[PDB]
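Only one chain is included here, represented as structure tokens and corresponding to the form deposited in one PDB entry.
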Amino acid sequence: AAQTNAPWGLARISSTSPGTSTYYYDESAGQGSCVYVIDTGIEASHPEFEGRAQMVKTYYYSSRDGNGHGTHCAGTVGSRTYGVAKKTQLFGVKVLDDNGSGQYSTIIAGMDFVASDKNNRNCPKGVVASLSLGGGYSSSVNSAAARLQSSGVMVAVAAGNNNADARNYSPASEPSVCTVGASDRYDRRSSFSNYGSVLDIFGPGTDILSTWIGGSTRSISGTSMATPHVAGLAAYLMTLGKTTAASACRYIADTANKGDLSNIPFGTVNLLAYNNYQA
């Protein structure tokens, strides 16, 4: 399948070169997979989600996304126009308040929630969780991410936006999950992207168009935006049967575009997420 005039990041993940604008992908499109977006919520009524999104849990007075960040990330996972995996099922877990903040205890509870809640959902092709969040190093936060991964969920986490080594941030620094840095449309490391040996992969993160609250759209930047590209890619590849939740991060690294990014610090992987789709 071909989506013309796609957001640059979608075109990038199906291309061996920057500078194109059509996204190519297998029409299975993540059907039968599920992606949890653990964030500020999801505006599931947005036409872009086509009834495939739903809120399943909140720790606050509403499950609605009063911020936009979670809706944007969910759109990059799975919206019809802005998403990588256009037929996946999206489940929102609101661990962040409408200012985008959340206590680590709530975030940990949300991860353990997903590890159990997947047993209440129909995801025959597999389960992914996208975590566009983080703070300073916490062994308890890392352990929660490790449990979620161990339970059979492909966990993708943001590296962070400090232009610093991600070893000092959580859940970015957890080795067993997929830690995602950000790149721009010219294949440069995004100016804010964290780096370091704990990163597994880069995805598009600068000037990413996606869904927003109020039935709208906007372009924003962050490792928060790169993470759902990888989460959606994992769901797509799992639906194709090419990999599993336990092996998808490694498979994405195996099959990535290699050595094509600029300003990658010595010791950080130079790997850009790529779907290897041959039309």
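Heads up: residue numbers just count along the shown sequence, starting at 1.
Below, we turn to the form solved in complex with a partner chain, even though it does not appear here.
Using a 4.5 angstroms limit between non-hydrogen atoms, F49 is distant from the partner chain in the bound PDB entry. Residue contact with the partner chain in the bound PDB entry: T223 places a heavy atom within 4.5 Å of it. Residue contact with the partner chain in the bound PDB entry: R64 places no heavy atom within 4.5 Å of it. Taking the partner from the other structure, the partner chain in the bound PDB entry has a heavy atom within 4.5 Å of a heavy atom of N161. Of the candidates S116, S101, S150, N122, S101 is the one whose heavy atoms come within 4.5 Å of the partner chain in the bound PDB entry; the others do not.
For the options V127, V84, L133, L90, the residue carrying a heavy atom within 4.5 angstroms of the partner chain in the bound PDB entry is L133. This chain is displayed without the partner chain, yet in the bound PDB entry the stretch 214 to 222 from 22 to 30, 233 to 241, 214 to 222, 250 to 258 comes within 4.5 Å of it by heavy atoms.
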